[PDB]
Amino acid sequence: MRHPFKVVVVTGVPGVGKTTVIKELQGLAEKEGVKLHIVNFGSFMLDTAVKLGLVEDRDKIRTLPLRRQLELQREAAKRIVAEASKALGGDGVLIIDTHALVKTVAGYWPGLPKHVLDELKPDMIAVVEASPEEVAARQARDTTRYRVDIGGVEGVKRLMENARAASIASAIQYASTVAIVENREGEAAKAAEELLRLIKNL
């Protein structure tokens, strides 16, 4: 079970370069006439959380009580699909910038649980990956975002292993591909090209 448009969920650990690679994919897509609608799942959760006076910062969402995060995750998924449905026809691709596994105050939490996959029905779960050392250096240089709680090189390495396993488990629900995209240091454009090529085979 599939939407009329294609759905690509882009995951990977905080700081790996998802939002960067997606911004490169946007330029490449419009150059080649491929129709995208691009959203950030976290921005949809932040919108609701800010309205409820729960947080002001996207990096505090994962510190909320988990039953509250569950409600924000459910509502974000439904709003994303309603918006995608108005923006895209059968020739379009929904790109969702998100996480397969979130490091919360009560443990590793699936970003693509069954209730979310029942809304998104992904054609593909892309996993953006780099070395733990590369990810830790990208986190250090990016002072716009708080990622110290991910636990530097050792925390990144563990989250990456658990996140790969979550991506595969989530793929079983709607027979999503799992596409591993290497985001090599200084080569975000090349990651975006490899991702586009896989998207064209969906």
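Residue numbers run from 1 along the displayed sequence.
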**Asked** Do the CA atoms of 140-148 or those of 164-172 have the higher mean B-factor in the entry?
**Response** 140-148
**Complete:** Looking only at C-alpha temperature factors in the entry, 12-20 or 187-195, the higher average sits in 187-195
**Message:** Among the choices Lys121, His99, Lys114, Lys86, identify the one whose CA B-factor in the record is greatest.
**Reply:** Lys86
**Prompt:** Split the chain's modelled residues into thirds by Cα B-factor; is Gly42 in the lowest, middle or highest one?
**Reply:** lowest
**Message:** Please say which third, lowest, middle or highest, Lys51 falls into when its CA temperature factor is compared across its chain.
**Reply:** highest
**Request:** Divide the modelled residues of the chain into thirds by Cα B-factor and specify which third, lowest, middle or highest, holds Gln26.
**Result:** highest
**Item:** Entry-reported Cα temperature factor of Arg62, expressed as the chain third it lands in
**Value:** lowest
